[PDB]
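*Asks:* these chains are from a complex, not moved at all, and more is on the way:
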Amino acid sequence: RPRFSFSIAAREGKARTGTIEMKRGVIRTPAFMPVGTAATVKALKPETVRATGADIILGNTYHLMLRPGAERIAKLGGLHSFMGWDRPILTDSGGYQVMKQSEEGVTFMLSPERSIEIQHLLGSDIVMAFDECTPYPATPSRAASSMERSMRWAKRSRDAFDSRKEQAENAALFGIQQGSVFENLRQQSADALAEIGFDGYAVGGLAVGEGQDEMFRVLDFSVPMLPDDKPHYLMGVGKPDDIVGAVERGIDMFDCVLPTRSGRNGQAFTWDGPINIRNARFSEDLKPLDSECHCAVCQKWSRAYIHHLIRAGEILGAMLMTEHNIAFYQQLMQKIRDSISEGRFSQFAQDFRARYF
């Protein structure tokens, strides 16, 4: 395979379906990337994460630079070897979780140059530029100041990435659009990033308190500003209906802790909406978590059993809820891909929402 190639196989409106090819594997888009720790996903072995349909995972840079340390992980052969995951890994820059700020970077020092080096040491396949997620709400002036700094950091990230031969030849680099909810700043930010040039473009600065209507409003004008021929990554999103609406607006990639964190807390996703498995109504329910789901958990155990495990604080309850919720998210993405491929994504979006809500 090549270092990076994004191919769009089918379109419906602003929605797209395709593949990213990289050296470590192929990523089907639109893609959901499960997030981890030193685990590929909390409470799951890498083979389980793969079995659920994940093509790529999100490496938690902040966690890992803290302990065991990026240099240690490099010494040990890199994050793929350490974890036992041989497919692509997208690493975050560590920016969001760390947020004294200066033009140099953040002290808490994490600069664009250090961030790109740490992602190199982990052995990232998709490297994120180091940015600042502007808080919401933001005044036009603060949004502009913050976006401008982020674009300067994006150039510093590009050059740090490019100055490292092994990294430039084997990994990809994504830039991140800022500008809060303001159309003109989003345009300035898209223009700045495309001038620098990246392999993919994220939409940053959303899912930070503005709510779905506003987030969709901002995506409506913001995604068409990015290059069409590159992947579009919406950071930190989200709930199943957020994902469907974002794909309707041209998003190709997603990450969120919701399926994993929700799962350990007792929330299971189903095609009829989420359920809280601790509720007494499930104590003798012999049905699987979801009636249609293809995952190993829904083939083998009942709601009643998982209800007991979560109420009892058992680790196996966390394992089983997490495997089902990450499988549900991959089945959602497969249904989105197939529906766009078949020209029926609009109907799928409406059928999904009618049942889910």
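*Replies:* Nice, I can see it. Numbers count the residues shown, from 1 in each chain, chains lettered A, B, ... in the order given.
*Asks:* residue with max distance from the center of chain A?
*Replies:* No residue in chain A sits farther from the centre than residue A:284, which is 35.5 Å out by Cα atoms, centre = their mean.
*Asks:* hang on, it in a strand?
*Replies:* No: remark: residue A:284 does not belong to a strand; assigned using DSSP: H, G, I helix; E, B strand; the rest coil, it is coil.
*Asks:* how far away from the center of its chain is the longest helix anywhere in chain A?
*Replies:* As assigned by DSSP state H, the longest helix anywhere in chain A is helix A:315-341. How far helix A:315-341 lies from its chain's middle: 14 Å, per Cα atoms, centre = their mean, to the nearest Å.
*Asks:* show me what counts as buried in the helix or strand following that helix.
*Replies:* Toward the C-terminus, helix A:315-341 is succeeded by helix A:345-356 as the next helix or strand (DSSP states H and E). By 16 or more other Cβ atoms under 10 Å, the buried positions in helix A:345-356 come out as A:345, A:348-349, A:352, A:356. Quick note: C-beta positions are derived from backbone N, CA and C, even for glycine.
*Asks:* out of the residues you listed, which two are the most distant from each other?
*Replies:* Maximum pairwise distance among the buried residues of helix A:345-356 (Cβ to Cβ): 15.5 Å, between A:345 and A:356.
*Asks:* quick revisit: test my guess that the residue farthest from the centre of chain A contacts residue A:304.
*Replies:* Yes: using Cβ atoms under 8 Å, residue A:284 is in contact with residue A:304, at 5.4 Å.
*Asks:* buried ones in stretch A:43-62?
*Replies:* Buried residues in stretch A:43-62 (16+ other Cβ under 10 Å): A:43-46, A:48-62.
*Asks:* again with stretch A:64-72
*Replies:* Buried, per 16+ other Cβ under 10 Å, within stretch A:64-72: A:64-65, A:70.
*Asks:* hang on, residue A:299 in a helix?
*Replies:* Yes: counting by three-state DSSP, residue A:299 is located in a helix.
*Asks:* neighbours of it, how many?
*Replies:* 9 (other Cβ atoms under 10 Å).
*Asks:* got it, and the one 4 residues further on?
*Replies:* Other residues within reach of residue A:303, judged by other Cβ under 10 Å, total 22.
*Asks:* for it, give me phi and psi.
*Replies:* As for residue A:303, its main-chain torsions (degrees, to the nearest 10) stand at phi -50, psi -40.
*Asks:* contacting residues around the residue farthest from the centre of chain A?
*Replies:* residue A:304 (Cβ atoms under 8 Å, 6 or more residues apart in numbering).
*Asks:* please identify the buried residues of whichever strand or helix holds residue A:81?
*Replies:* Using DSSP H and E, residue A:81 sits within helix A:79-83. Across helix A:79-83, burial judged by 16+ other Cβ under 10 Å covers A:79-80, A:82-83.
*Asks:* what helices or strands is it leaning on?
*Replies:* Contact partners of helix A:79-83 among helices and strands, from 3 or more Cβ pairs under 8 Å, 6 or more residues apart in numbering; DSSP states H and E: strand A:89-91.
*Asks:* what strands line up against the strand it packs on, and which way round?
*Replies:* The pairing partners recorded for strand A:89-91 under DSSP bridges are strand A:57-59 (parallel), strand A:126-128 (parallel).
*Asks:* got TSV for those, with distance to residue A:158 too?
*Replies:* Output for the strands paired with strand A:89-91, formatted as TSV (distance: least, Cβ to Cβ, whole Å):
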stretch	distance to residue A:158
strand A:57-59	20
strand A:126-128	10
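*Asks:* with the structure above as the base, add chain B:
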Amino acid sequence: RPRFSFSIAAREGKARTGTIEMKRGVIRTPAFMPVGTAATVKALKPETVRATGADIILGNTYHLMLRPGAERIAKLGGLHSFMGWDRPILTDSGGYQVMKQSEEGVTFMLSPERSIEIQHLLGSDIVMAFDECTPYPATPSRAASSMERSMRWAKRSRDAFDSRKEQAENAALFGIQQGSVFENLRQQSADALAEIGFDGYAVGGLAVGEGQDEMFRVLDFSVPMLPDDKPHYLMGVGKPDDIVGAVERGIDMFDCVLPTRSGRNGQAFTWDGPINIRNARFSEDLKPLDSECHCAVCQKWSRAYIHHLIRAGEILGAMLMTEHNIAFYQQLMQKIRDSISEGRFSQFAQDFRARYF
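*Replies:* Once chain B is put in with the chains from before, the structure reads:
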């Protein structure tokens, strides 16, 4: 298969190797039975427990009668269905964990009759008589009083088991020898149990503070008192060297929480002795937990990785340590069985101890 048949295929001294056949499967002896919760083993799926070589698991009656309740579990199809484990399950009587005592039973009411009924409701394949584990040390008088009561409870257990057709036809019942460390009381207890008649005989009242020398001393005279043609179960044992010495003294079956509990706490068993994986010396150690172990954990992850996971409190660290330690225990039992089968168990016991210590 039959309801219960124990066959001895080979002997060396007092050590024996063979099989117990039951309706749900065959149990290779000497056997280690992993202990659970509502999980077959904490942090493991039933297929993982099987993959480690377990033929039978120990069902935690006390935990399960408390929540979700034995009647609920019966309503849901029994513990095998609930858990997803279709092989034999030995249930404890709930006695030990509950320990106002009376001749009727314990109030905390758990009587011999209730205990046998709860084990029926869970759907146990090997049912334990309800007894009292005499505290150590005990005066001759208290040991005798307690043993006498236990033998009366053993008769009550036999008759409760026998009065229930489905249970008498499909499950087995084991009696438990008491008598503390006193030879004459151990003999009285063996005689009483053999008069009643059971499918197997446990040695109770040990591993309760007396230490290995005393426990071995008591096993030396106590196991030959039990019927030779039935299995001998040493309850609550133990460390790998305890297991080897007990097999040298005629024990066929074991249960203990040590591999599972130890594992979650960071202790890994190896042929060179246990290690504490949290120790700094393992932070960059790329070797597997044990150099010879055949388990999936030792095939795929390093000491260094598991060190990080346990230090970080990750659930995956508990999962991986537990799978390795239960696999180590099954490999120990396989080495014991093969060595007795080949007439070289004495040499195995000595080689094992020289390396382990």
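*Asks:* could you re-examine the buried residues of helix A:79-83 with chain B now present?
*Replies:* A:79-83 (16 or more other Cβ atoms under 10 Å in any protein chain shown).
*Asks:* ok, those residues vs chain B, which is closest?
*Replies:* residue A:82 (5.5 Å; Cβ to the nearest Cβ).
*Asks:* how about the strands in the stretch 101-250 of chain A?
*Replies:* A:126-128, A:172-177, A:200-203, A:232-234 (DSSP state E, counting those that start in this stretch).
*Asks:* show me the contact partners of the third one.
*Replies:* Put plainly, it is strand A:200-203. With contact meaning Cβ atoms under 8 Å, 6 or more residues apart in numbering or on different chains, strand A:200-203 is reached by A:6, A:20, A:126, A:128, A:172, A:174-177, A:190, A:193-194, A:219, A:222-223, A:226-227, A:230-235, A:251, A:253.
*Asks:* which among those count as buried?
*Replies:* A:6, A:20, A:126, A:128, A:172, A:174-177, A:190, A:193-194, A:219, A:222-223, A:226, A:230-235, A:251, A:253.
*Asks:* and the residue of the stretch 101-250 of chain A closest to chain B?
*Replies:* For the stretch 101-250 of chain A, Cβ to the nearest Cβ, closest residue to chain B: residue A:122, 13.4 Å.
*Asks:* what does chain A put close to chain B?
*Replies:* By Cβ under 8 Å from any Cβ of the partner chain, the residues of chain A that approach chain B are A:37-39, A:42-45, A:67-68, A:72, A:75-77, A:82-84, A:283-284, A:286, A:300-302, A:304-305, A:308-309, A:311-312, A:314-316, A:318-319.
*Asks:* of those residues, buried ones?
*Replies:* A:37-39, A:42-45, A:68, A:72, A:76, A:82-84, A:283, A:301-302, A:304-305, A:308-309, A:311-312, A:314-316, A:318-319.
*Asks:* centre-most residue in chain A?
*Replies:* residue A:255 (1.6 Å).
*Asks:* in the sheet, who's paired with that residue?
*Replies:* Going by DSSP bridges, residue A:255 forms beta bridges with residue A:33.
*Asks:* doesn't residue A:33 make contact with it?
*Replies:* Yes: Residue A:255 lies in contact with residue A:33 (Cβ under 8 Å); the separation is 4.6 Å.
*Asks:* what do the two both touch?
*Replies:* Joint contacts of residue A:255 and residue A:33 (Cβ under 8 Å, 6+ apart) are A:58, A:90.
*Asks:* run through the helices of the stretch 51-200 of chain A in chain order.
*Replies:* A:61-66, A:70-75, A:79-83, A:95-98, A:112-122, A:140-162, A:165-170, A:183-196 (DSSP state H, counting those that start in this stretch).
*Asks:* tell me which of those helices sits most buried.
*Replies:* Compared across those, helix A:112-122 shows the largest average neighbour count, a mean of 24 (mean count of other Cβ atoms under 10 Å in any protein chain shown).
*Asks:* excluding sequence neighbours, find me the nearest residue to the residue of the stretch 101-250 of chain A closest to chain B.
*Replies:* Spatial nearest neighbour of residue A:122, excluding adjacent residues (Cβ to Cβ, 6 or more residues apart in numbering or on different chains): residue A:79 at 4.3 Å.
*Asks:* who's in contact with the one you found?
*Replies:* A:59, A:64, A:73, A:85, A:89, A:91, A:122-124.
*Asks:* let me know whether residue A:144 touches residue A:185 as I believe.
*Replies:* Yes: counting by Cβ under 8 Å, residue A:144 does reach residue A:185; the two are 5.6 Å apart.
*Asks:* joint contacts of those two?
*Replies:* Joint contacts of residue A:144 and residue A:185 (Cβ under 8 Å, 6+ apart) are residue A:179.
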